[PDB]
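Right, one structure below, let's go through it.
We name chains A, B, ... by the order of the sequence lines, and we start the count at 1 in each one. Because only heavy atoms are used, hydrogens play no part in the values below, and waters and symmetry mates are left out as well, while side chains stay in.
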Amino acid sequence: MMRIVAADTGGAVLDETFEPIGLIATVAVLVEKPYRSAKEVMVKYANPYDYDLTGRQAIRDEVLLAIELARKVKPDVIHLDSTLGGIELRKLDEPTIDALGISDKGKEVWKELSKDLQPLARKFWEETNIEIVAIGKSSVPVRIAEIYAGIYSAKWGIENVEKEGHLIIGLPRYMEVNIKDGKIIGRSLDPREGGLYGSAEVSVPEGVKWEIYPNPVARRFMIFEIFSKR
DNA sequence: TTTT
Ligand SMILES: [Mg+2]
Ligand SMILES: [Mg+2]
């Protein structure tokens, strides 16, 4: 049946205040029936130190990665993580945005992303028939991409806790990570979603420990705290 | 809008 590509951006390095500093991973996934996991993945790491948190960088990074993965694997459709009711990105011009039911800042950021992303969605559509749709939180593949973003942020944490000495990572909404036998398994904590999961291989440098607990300043989000081999 |  329907094969979908989706992207999301989702690691977050935090300060001792538990407040975000920057995002870590952008991940595009290919999802087939039965839509609990990813057949294929593309990961692009950002620099969480010096990241734009207003949304412009994350959404732009998502569309470019997903289009890359989509051109290769040819899904039926791409799912973009922005809850705009499913309108196609190739149709998201400025007046179509100004007529949306969203916050003035929402319109301000999208219209600015529109300038370059909307023609980019149109070009890709003219040559593949593949829509990019702003479905956001009601898409299962987007949630899978989010879970993979979490997974690869754990992986990024583990492999960069040496440069740093301590690392505080905010995972995406209600998900956990487990690491056993050299691989990260991420799972949604939401039973309502139907058992979504992913995994990535990791190489854990001996001596490095980690711990998962709630973020006190962001209910429903978990902290992945990792201590350097000391 | 999106991030946690
Ligand atoms: Mg997102
Ligand atoms: Mg997300």
Side-chain angles (χ1 to χ4, degrees), chain A residues 6-28 44-66 78-89 91-118 120-121 132-139 142-143 145-154 156-157 167-177 186 188-190 212-226:
Chain A
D8 177 57
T9 304
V13 173
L14 319 173
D15 60 23
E16 38 289 312
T17 297
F18 288 119
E19 220 54 75
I21 282 166
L23 270 33
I24 302 179
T26 290
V27 181
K44 185 219 187 178
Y45 294 111
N47 183 12
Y49 311 103
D50 185 38
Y51 192 90
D52 184 291
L53 286 82
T54 74
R56 315 158 187 287
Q57 192 183 349
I59 288 161
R60 175 172 292 97
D61 282 325
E62 280 137 40
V63 176
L64 270 45
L65 204 61
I78 285 164
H79 284 185
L80 173 73
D81 182 29
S82 197
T83 315
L84 308 179
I87 185 169
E88 303 111 290
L89 181 51
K91 295 185 200 299
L92 252 194
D93 57 20
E94 331 188 69
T96 305
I97 293 172
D98 281 330
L100 274 169
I102 58 173
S103 74
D104 281 301
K105 190 207 200 183
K107 292 181 185 183
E108 172 196 329
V109 181
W110 251 120
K111 277 171 46 55
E112 178 168 340
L113 281 158
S114 175
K115 181 40 199 156
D116 43 313
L117 295 190
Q118 179 279 319
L120 188 67
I132 300 178
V133 300
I135 164 180
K137 64 176 187 175
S138 79
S139 149
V142 162
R143 176 59 180 162
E146 190 175 60
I147 294 168
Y148 272 85
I151 295 173
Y152 275 83
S153 299
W156 179 96
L167 225 27
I168 299 177
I169 292 159
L171 297 169
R173 63 188 70 228
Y174 43 89
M175 90 159 71
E176 61 180 358
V177 153
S188 167
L189 290 170
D190 197 347
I212 303 171
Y213 55 83
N215 188 329
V217 89
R219 189 182 60 93
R220 291 177 182 220
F221 299 73
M222 299 300 109
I223 293 301
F224 185 69
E225 197 182 342
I226 163 170

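- Remark: A:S103 is in phosphate contact with B:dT1, judged by side-chain N or O atoms under 4.0 Å from OP1 or OP2.
- When atom types are taken as modelled, the side chain of A:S153 and the backbone of A:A149 share a donor-acceptor pair closer than 3.5 angstrom.
- Residue pairs meeting the salt bridge (charged side-chain N to carboxylate O under 4.0 Å, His left out) criterion with at least one member in residues 54-66 of chain A, sequence neighbours excluded, are A:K44-A:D61, A:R56-A:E108, A:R56-A:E112, A:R60-A:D116.
- The strand DNA chain B forms no stems, meaning no runs of 3 or more Watson-Crick or G-U wobble pairs with distances below 3.5 Å.
- Map A:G10 and A:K107 each onto its nearest nucleotide of DNA chain B; the residue landing nearer the 5' end is A:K107.
- Ranking B:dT4, B:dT2, B:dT1 by closeness to the A:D81 side chain, first place goes to B:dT2.
- Take A:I102 and apply the side-chain contact (heavy atoms from CB on, under 4.5 Å) test, not counting sequence neighbours, and it matches A:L84, A:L100, A:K107.
- Across all strands shown, A:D61 has no heavy atoms under 4.0 Å from either base or sugar-phosphate atoms.
- Annotation: of the two residues near DNA chain B, A:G101 and A:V217, the 5′-most nearest-nucleotide partner is A:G101.
- Within 4.0 Å of A:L171, counting heavy atoms only, lie sugar-phosphate atoms of the nucleic acid but no base atom.
- Closest to the A:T83 side chain, of the nucleotides B:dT1, B:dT4, B:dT2, is B:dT2.
- Distance from the side chain of A:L23 is smallest for B:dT3 among the nucleotides B:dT4, B:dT3, B:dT2.
- The side chain of A:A12 approaches B:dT4 more closely than any other nucleotide in the set B:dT2, B:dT4, B:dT1.
- Summarising the local packing, CG of A:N47 is surrounded by more than 12 heavy atoms from other residues, nucleotides or ligands at distances under 6.0 Å.
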